[PDB]
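A short write-up of the structure that comes next.
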2 protein chains.
Amino acid sequence: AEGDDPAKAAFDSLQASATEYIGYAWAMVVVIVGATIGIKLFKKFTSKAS
Amino acid sequence: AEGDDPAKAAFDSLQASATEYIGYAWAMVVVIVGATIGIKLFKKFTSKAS
């Protein structure tokens, strides 16, 4: 009871932190995927010309 | 007979006392083991993340 309470809260904190890192992962991939959509679009143009 | 009776009772008393100390040992270890279960649990989380 008493010992594990501070630990439980510590875990809540760690989990939230984990959520922040995760948000950043989502954004990073946002950039990578933005890149893939645009470049793939250039190839699309190549096709229109062809 | 007569001499050893007071001694027998004294021994009963001592044995009971011994039982009290023993109860405390059980509790102490209760705390130590509680600690080991929780901390080992933290390591478990490390594994989940890994």
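Worth pointing out:
- Computed helical MRE - 222 nm, chain A, DSSP H runs ≥ 4 contributing -39500 (n - 2.57), nearest 500: -34500 deg cm²/dmol
- Count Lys and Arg as plus one, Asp and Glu as minus one, and take only other residues whose Cβ is under 14 Å from that of B:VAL33; the net charge is then 0.
- The other copies place their B:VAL29 label points at 4.9 nm from this one, listed shortest first, where each point is 7 Å from Cα along Cα→Cβ.
- Angle between chain B longest axis and helix B:4-49 axis [Cα atoms, degrees, rounded to 10]: 0
- The largest-to-smallest principal axis extents of the Cα set in the protein assembly as shown are 121, 21, 10 Å.
- Estimated FRET transfer efficiency when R0 is 35 angstrom, pair B:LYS44-B:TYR21 (beta carbons, to 0.05): 0.50
- Distance from the A-onto-B rotation axis is smallest for the Cβ of the chain A residue given, in whole Å, as A:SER50, 8.
- Given in Å, the Rg to one decimal and the Dmax to the nearest whole number for the Cα atoms of chain B are 21.9, 73.
- Rough spin-label spacing in nm, given labels placed 7 Å along Cα→Cβ, for B:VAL33 and A:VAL31: 5.3
- Each other copy places its own label point for A:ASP4 at 5.2 nm from this one, sorted shortest first, where the point lies 7 Å along the Cα-to-beta carbon line.
Quick reminder, even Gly has a Cβ in these numbers, built from the backbone with ideal geometry, and neighbours come from all protein chains shown. Read-outs throughout are calculated quantities, based only on the coordinates presented, and are distinct from any laboratory measurement.
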